[PDB]
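Sequence order for the protein chains is A, L, B and H.
The opening position of the first sequence corresponds to residue 4 in the deposited numbering, with each subsequent residue numbered one higher.
The opening position of the second sequence corresponds to residue 1 in the deposited numbering, with each subsequent residue numbered one higher.
The opening position of the third sequence corresponds to residue 501 in the deposited numbering, with each subsequent residue numbered one higher.
The opening position of the fourth sequence corresponds to residue 1 in the deposited numbering, with each subsequent residue numbered one higher.
We put the beta carbon where it would ideally sit given N, CA and C, even for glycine.
To start, the structure itself, in structure tokens.
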Amino acid sequence: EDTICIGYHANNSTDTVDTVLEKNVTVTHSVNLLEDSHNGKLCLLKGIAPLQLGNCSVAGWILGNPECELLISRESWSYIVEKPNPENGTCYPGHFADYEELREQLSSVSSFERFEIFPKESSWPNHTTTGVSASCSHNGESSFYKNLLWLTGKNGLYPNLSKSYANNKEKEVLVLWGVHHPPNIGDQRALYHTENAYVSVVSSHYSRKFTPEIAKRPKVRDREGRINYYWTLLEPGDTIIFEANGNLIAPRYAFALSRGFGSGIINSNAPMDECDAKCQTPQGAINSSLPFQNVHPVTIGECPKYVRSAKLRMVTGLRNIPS
Amino acid sequence: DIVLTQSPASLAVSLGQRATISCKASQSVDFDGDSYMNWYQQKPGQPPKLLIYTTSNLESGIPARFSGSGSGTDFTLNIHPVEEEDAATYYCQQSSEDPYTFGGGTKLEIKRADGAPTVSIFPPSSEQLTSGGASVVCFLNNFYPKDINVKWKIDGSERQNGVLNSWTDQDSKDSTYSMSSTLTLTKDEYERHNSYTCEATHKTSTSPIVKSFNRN
Amino acid sequence: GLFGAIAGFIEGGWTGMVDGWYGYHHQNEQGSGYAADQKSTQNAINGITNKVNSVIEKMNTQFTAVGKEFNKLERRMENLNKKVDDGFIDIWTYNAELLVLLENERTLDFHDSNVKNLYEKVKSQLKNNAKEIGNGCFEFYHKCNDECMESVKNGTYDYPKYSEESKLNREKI
Amino acid sequence: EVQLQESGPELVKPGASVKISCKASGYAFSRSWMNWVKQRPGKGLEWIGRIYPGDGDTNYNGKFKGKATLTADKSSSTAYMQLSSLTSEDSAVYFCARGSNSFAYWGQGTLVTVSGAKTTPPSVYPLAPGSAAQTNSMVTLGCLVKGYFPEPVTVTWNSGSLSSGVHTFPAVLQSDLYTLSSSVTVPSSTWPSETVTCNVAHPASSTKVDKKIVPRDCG
Ligand SMILES: *[C@@H]1O[C@H](CO)[C@@H](O[C@@H]2O[C@H](CO)[C@@H](O[C@@H]3O[C@H](CO)[C@@H](O)[C@H](O[C@H]4O[C@H](CO)[C@@H](O)[C@H](O[C@H]5O[C@H](CO)[C@@H](O)[C@H](O)[C@@H]5O)[C@@H]4O)[C@@H]3O)[C@H](O)[C@H]2NC(C)=O)[C@H](O)[C@H]1NC(C)=O
Ligand SMILES: *[C@@H]1O[C@H](CO)[C@@H](O[C@@H]2O[C@H](CO)[C@@H](O[C@@H]3O[C@H](CO)[C@@H](O)[C@H](O)[C@@H]3O)[C@H](O)[C@H]2NC(C)=O)[C@H](O)[C@H]1NC(C)=O
Ligand SMILES: *[C@@H]1O[C@H](CO)[C@@H](O[C@@H]2O[C@H](CO)[C@@H](O[C@@H]3O[C@H](CO)[C@@H](O)[C@H](O)[C@@H]3O)[C@H](O)[C@H]2NC(C)=O)[C@H](O)[C@H]1NC(C)=O
């Protein structure tokens with residue numbers, strides 16, 4: 004006739020949660036802890052855009068694989084995106100020594116200064132800077148690496164070169180060179196005019212003398228003879244010296260680089276859409292508010308932890324039992 | 001309001017023959033000398049096309065093999081002869097009283113000779129692998145009739161959890177069905193096997209049709 | 501559930517009472533309605549939202565997990581890298597799912613506790629002036645007022661004022 | 001020559017409102033009644049309401065009298081329809097049609113969707129035969145479309161150049177993400193001799209992505 008009643012709220016939300024004692028229980032109020040949505044684009048970390056390599060590999064990037072020309076002078080970036088199967092790697096067949104480390108070292112870096120370490124005009128006068136391969140084609144035209152110089156002989160001679168570079172750039176510089184192994188001894192006599200060739204590159208923290216080895220090889224990219232690539236990071240203040248009498252593809256452009264943190268290598272086919280989200284994945288960017296995302300394992304910068312779970316909802320309210 | 005009860009619900013007529021569709025009505029659809037009843041053609045993925053208006057008037061363009069007839073509480077539609085194109089669903093529609101209402105709809109199936117599915121199986125893409133998952137698709141194109149059964153065997157052991165099947169409606173120029181099956185396995189569990197087989201048991205053969213692949 | 505109140509002797513939830521999670525009804529002679537207990541519902545929201553904010557805080561966000569790429573002759577390292585990544589994902593996934601499955605019961609049990617605790621707070625005031633009838637309801641043996649309906653909620657009921665009147669009506673049931 | 005062009009597919013959360021548009025051209029728009037019909041997947045066609053763009057005179061189905069509102073723009077020759085407080089049952093395909101007692105000319109139809117997930121574009125994965133075995137003079141090819149929430153996707157082949165027996169299977173939902181497949185049947189002589197790209201579109205996110213299919217690898 005005249006009463007007081009104690010009860011507990013019920014709402015029309017169908018938010019379902021799983022507990023230890025039972026599962027799939029409908030609840031008044033819930034919060035989702037798992038972020039389950041991306042956008043499938045390549046945003047700009049923080050404000051600095053990525054470096055989309057596109058067709059090129061990181062190998063063809065640094066050496067300037069002539070089909071990679073327009074992605075040069077892009078020295079400001081937040082992270083580098085490679086196609087999973089890059090079909091423009093090293094134009095000249097051969098071995099790229101310590102590829103993976105240079106790949107890893109060029110993941111921390113955030114700035115280059117592409118500078119001419121050995122200017123062609125005033126550093127290789129006696130020799131021939133006109134070294135072009137047919138394999139490194141561009142516009143149906145023979146070209147070569149736009150960061151190295153194929154040094155052949157001039158006027159039939161090829162004297163002992165002994166140039167050197169002092170690291171006066173106050174930062175770590177990354178020098179790149181190549182050693183030649185001609186197809187047969189005949190071309191070795193014609194390119195460098197010495198059957199006993201040597202290339203040494205020496206610094207305060209590096210010394211490796213290269214001897215070439217001319218032999219028959221399987222044909223790759225139509226050029227039988229192979230070029231072998233090598234690299235070294237000069238400490239600020241040391242001097243690297245190059246001396247040779249044959250088979251040296253010397254650097255022309257080196258990279259004075261400043262390390263940073265926050266960048267890496269993602270490979271994906273996503274498009275770039277100028278969307279400035281706080282963290283990227285190969286399959287897009289994360290809304291970034293939650294503490295758990297299952298979109299993809301590989302991430303770049305201030306994403307939530309990756310857990311391979313379907314849904315993680317936390318009960319904030321209580322059991323929903325309406326009329 | 002008026003409810004248009006349409007008969008039959010499913011229909012199958014062989015080529016070069018007549019097809020009859022009835023449409024009863026809760027009330028009499030008659031309006032000052034004519035019957036405000038219309039028929040429509042809806043092929044899958046398309047909006048309805050207007051066939052017959054005011055219970056017998058054929059609209060221009062569409063061929064003269066379509067016949068609308070009837071008066072009062074019930075009307076009929078004839079197709080003579082039925083063509084391959086006519087693989088679609090058909091609705092009746094009254095326009096006498098607010099609100100205008102449609103019938104339940106009926107699907108026209110063309111009876112043709114039986115067929116054998118041309119089976120195709122594709123491995124997951126390399127880019128798909130990087131997503132933390134992988135899916136093998138088994139295409140079954142150009143068979144007849146509907147009934148077909150696909151079974152997935154991972155290294156010979158039949159797998160039934162994680163399959164996804166979707167059928168296509170009859171081709172408008174082939175009188176022909178298709179369907180596709182997809183296993184959605186994890187990236188890790190996909191790489192724990194080599195033999196991936198999808199067998200299809202059909203009316204066209206006593207023993208199942210099989211096509212498969214290995215990762216080498 | 502665990503204290504017998506939620507989905508127990510309070511068989512269902514009130515579709516009304518949007519004011520909060522817990523409350524009273526007080527079907528009176530003047531007018532019925534709903535009124536949520538602001539005291540116990542503010543403790544509940546302040547505790548659950550501290551639970552949730554505590555949980556995320558213990559998991560600092562991860563930065564720039566890129567995935568190392570090894571060559572054709574370092575398979576031992578590559579398989580090692582997989583285990584140290586898939587291993588962490590195995591732990592973090594497992595260590596997160598159970599944190600959800602476990603603490604969701606504690607959120608439901610905590611609501612079951614609060615209602616049970618609140619139902620006894622009303623009982624301890626209405627000692628013999630009322631009876632228990634509809635499993636969470638009290639019959640006023642003294643014909644309470646809206647003044648006195650608010651005078652059962654904020655610690656504002658006393659037996660003595662209505663006791664002897666209540667003592668009268670108990671003798672006929 | 002008379003065409004009703006409809007708007008794009010839309011996605012909204014329950015309780016919100018939408019304007020769907022239908023622009024007319026090819027006839028005297030100012031003079032003929034406009035119509036809206038609702039088709040739930042599977043269930044039957046339902047007529048909604050009518051606008052007469054000469055006078056703005058409206059007729060409303062007794063069922064839809066509160067859910068739908070109709071207007072028109074005479075200068076722009078466009079018809080607008082507004083739906084309020086959308087629920088699950090309103091998720092369907094909506095058609096704009098012209099006619100008074102016989103719905104004559106129909107629109108394209110948009111698929112407005114009402115659910116919890118969000119707009120995500122799909123990834124496209126090519127599907128190569130894999131085994132180098134000639135099943136016949138023909139080889140079947142295809143593209144898979146995974147992970148996209150709002151339903152409409154259109155799969156063309158070489159920008160629609162290949163109409164020869166192309167199949168587009170209906171999408172299937174897995175954990176709030178539609179996935180579907182497409183196939184072709186191109187002569188084995190002209191593949192991989194000639195480029196076979198599949199062109200897919202997701203109108204709900206304005207994303208067009210291509211992927212020429214190529215044979216598999218390990219070679
Ligand atoms: C940047 O990226 C682009 C795109 O990939 C590159 O262009 C690509 O170049 C390659 C190589 O030139 C092209 O592939 C060749 O295409 C030509 C047609 O012009 C064709 O003749 C050639 O056949 C080769 O493939 C066979 C497959 O194994 C080889 O085995 C074969 O060699 C055999 O036969 C000779 C006969 O003398 C023997 O001597 C050999 O030993 C061997 O037995 C033959 O060489 C390839 O198919 C490719 O087509 C082209 N891309 C496009 C889209 O066309 C650029 O080169 C790259 N940039 C740089 C600087 O590298
Ligand atoms: C990156 O490399 C890929 C190949 O690895 C390049 O794809 C190529 O794209 C071109 C178009 O730019 C295709 O060329 C032809 O186009 C004409 C148009 O007239 C058409 O008649 C041909 O059928 C063909 O489509 C070429 O086929 C395609 N490559 C292959 C192997 O099919 C891409 O262009 C490169 N991107 C950059 C920025 O360098
Ligand atoms: C190419 O190499 C030749 C060497 O075969 C360079 O020629 C001469 O090199 C010397 C030593 O570097 C230069 O010094 C001068 O030598 C003369 C010898 O009589 C001496 O009298 C001088 O006091 C001085 O020490 C010499 O200037 C140089 N000659 C010329 C004409 O340049 C040559 O410079 C190299 N480059 C080119 C472009 O030829």
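Between the CA atoms of residue j and residue i - distance to the nearest angstrom
i: A:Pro186; j: H:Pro192; result: 34 Å
i: B:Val552; j: B:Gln562; result: 19 Å
i: A:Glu85; j: H:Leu144; result: 23 Å
i: A:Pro254; j: A:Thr132; result: 11 Å
i: A:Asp101; j: L:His202; result: 57 Å
i: A:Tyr168; j: A:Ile243; result: 6 Å
i: H:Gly116; j: H:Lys13; result: 6 Å
i: A:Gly63; j: A:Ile252; result: 16 Å
i: residue 2 of chain A; j: A:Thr197; result: Beyond the ends of chain A as shown, which are 4 and 326, falls residue 2 of chain A; an answer cannot be given.
i: A:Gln108; j: L:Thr130; result: 23 Å
i: L:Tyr196; j: A:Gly50; result: 46 Å
Beta-carbon spacing of residue i, residue j below 7 Å
i: A:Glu246; j: A:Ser203; result: yes
i: H:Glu6; j: H:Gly142; result: no
i: A:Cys8; j: B:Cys637; result: yes
i: H:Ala28; j: L:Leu50; result: no
i: A:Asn58; j: A:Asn27; result: no
i: A:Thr6; j: A:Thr19; result: no
i: A:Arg322; j: B:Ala630; result: no
i: A:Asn150; j: A:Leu66; result: yes
i: A:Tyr256; j: A:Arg117; result: yes
i: residue 683 of chain B; j: A:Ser326; result: Nothing can be reported for residue 683 of chain B: it is not among the residues displayed for chain B, which extend from 501 to 673.
Closest Cα partner of residue i within the set the options
i: H:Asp210; options: H:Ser159, H:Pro53, H:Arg50, H:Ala92; result: H:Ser159
i: B:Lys661; options: B:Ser532, B:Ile673, B:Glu671, B:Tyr641; result: B:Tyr641
i: H:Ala72; options: H:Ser91, H:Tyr80, H:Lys65; result: H:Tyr80
i: B:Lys621; options: B:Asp537, B:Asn581, B:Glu574, B:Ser532; result: B:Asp537
i: L:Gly16; options: L:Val82, L:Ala9, L:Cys23; result: L:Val82
i: A:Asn250; options: A:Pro221, A:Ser261, A:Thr214, A:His12; result: A:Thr214
i: A:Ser292; options: A:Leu164, A:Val34, A:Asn58, A:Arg211; result: A:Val34
i: H:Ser21; options: H:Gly44, H:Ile51, H:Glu1; result: H:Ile51
i: B:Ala544; options: B:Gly520, B:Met577, B:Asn645, B:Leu601; result: B:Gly520
i: A:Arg262; options: A:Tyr148, A:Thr19, A:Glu78, A:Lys49; result: A:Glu78
i: A:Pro162; options: A:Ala200, A:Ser125, A:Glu173, A:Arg316; result: A:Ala200
i: B:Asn635; options: B:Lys643, B:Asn629, B:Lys623, B:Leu573; result: B:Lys623
Local Cβ density within 10 Å of residue i, reported as buried at 16 or more and exposed below that
i: B:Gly547; result: exposed
i: A:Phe264; result: exposed
i: A:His130; result: buried
i: A:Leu194; result: buried
i: L:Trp167; result: exposed
i: A:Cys278; result: exposed
i: H:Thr195; result: exposed
i: L:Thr106; result: buried
i: H:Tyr94; result: buried
i: A:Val23; result: exposed
i: L:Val3; result: exposed
i: L:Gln128; result: buried
i: H:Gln39; result: buried
Inter-stretch contact (C-beta, 8 Å, three-pair minimum) for the stretch 151-169 of chain L and the stretch 31-41 of chain L
Touching, no, given that fewer than three Cβ pairs across the two stretches are closer than 8 Å.
The stretch 598-609 of chain B touching the stretch 5-16 of chain L, judged by at least three CB pairs closer than 8 Å:
No, the stretch 598-609 of chain B is not in contact with the stretch 5-16 of chain L.
Does the structure place the stretch 114-128 of chain H close enough to the stretch 53-60 of chain L that three or more beta carbon pairs sit under 8 Å?
The stretch 53-60 of chain L vs the stretch 114-128 of chain H: no contact.
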